[PDB]
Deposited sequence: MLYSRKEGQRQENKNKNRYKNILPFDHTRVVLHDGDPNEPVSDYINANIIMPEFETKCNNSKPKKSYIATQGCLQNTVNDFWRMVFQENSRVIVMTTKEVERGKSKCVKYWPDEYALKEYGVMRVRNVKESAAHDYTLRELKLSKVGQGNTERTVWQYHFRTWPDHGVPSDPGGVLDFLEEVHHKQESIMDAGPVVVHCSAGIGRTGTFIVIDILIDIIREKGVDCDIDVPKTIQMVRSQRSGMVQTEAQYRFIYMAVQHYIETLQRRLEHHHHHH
């Protein structure tokens, strides 16, 4: 009940930044209505992560997966994107530029993206973009891209403050959009940094509906998200960052 067949198919080998980091088939994001000329067009390295508000854990775009990325965003109806990495860190590409330059607009396949406005904050940049299907400007929607950019080249942030203030914002943005789709989260492989944010965001929403006293079980939550995408949270720094984040959030509310 836990296969990764599709991700291993010969035709999707170029659609993964790491041959060894693949999506489970049951939680795999299936892409419909793609170019009928392509051998396979229903694939993208991304999994739906639903607590048990949903999330989409994926890798940063590859030069050849950018259109797939937007098709996913359009289909799933996502309205918020969380980029947890720079395009390149320590001379290594983690995500290709998949959004247009300021005030510009590009067409990625059948998807038109207009960069409406870019605004900076301490740890991140917010990009207001308009997504629509070419020729059908009756499908346009705004997608808010939250680009975290101060994450350290090595290890994790020494203080959770930034990430928390960041996620509070992403949070209210998501709840201000009527029935917005899953929140897309992505880093280089979509498991390490990506898992950490999601796990944190998940635990924080609990402390929201519940109170600063509810039963919080980190290992259980992590285990839970890993059953939907393996690798979620890969380092000890990340692991401990989650604990710190949660405690910091608690102490903040007080």
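Gaps without C-alpha coordinates occur at 1, 54-64, 267-276, with positions taken along the deposited sequence from 1.
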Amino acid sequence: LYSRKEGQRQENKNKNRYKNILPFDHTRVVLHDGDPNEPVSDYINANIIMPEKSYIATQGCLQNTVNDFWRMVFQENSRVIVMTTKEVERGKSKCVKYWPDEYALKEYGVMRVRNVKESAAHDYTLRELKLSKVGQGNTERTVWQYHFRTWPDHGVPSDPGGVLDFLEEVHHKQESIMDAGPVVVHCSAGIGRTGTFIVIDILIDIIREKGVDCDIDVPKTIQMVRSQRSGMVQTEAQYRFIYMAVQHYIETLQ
From here on, numbers count along this sequence of modelled residues.
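Of the other entries compared for this protein that flank it with modelled residues, all give atoms for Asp217, so not even a third lack it. For the cut-off of one third of the other compared entries, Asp68 stays well clear, since all of them model it along with its flanks. Look at the C-alpha B-factors of 136-144 and of 123-131. On average they run higher in 136-144. Comparing 145-153 with 76-84, the stretch with the higher mean C-alpha B-factor in the PDB entry is 145-153.
Among all modelled residues in this chain, the alpha-carbon of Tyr18 has a temperature factor (C-alpha) in the highest third. Among the modelled residues of its chain, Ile242 has a C-alpha B-factor that falls in the lowest third according to the deposited record. Compared with the other modelled residues of the chain, the Cα B-factor recorded for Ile204 ranks in the middle third. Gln59 sits in the lowest third of its chain by CA B factor, as recorded in the PDB entry.
Per the PDB record, residue ranking by Cα B-factor puts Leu105 in the highest third of the chain.
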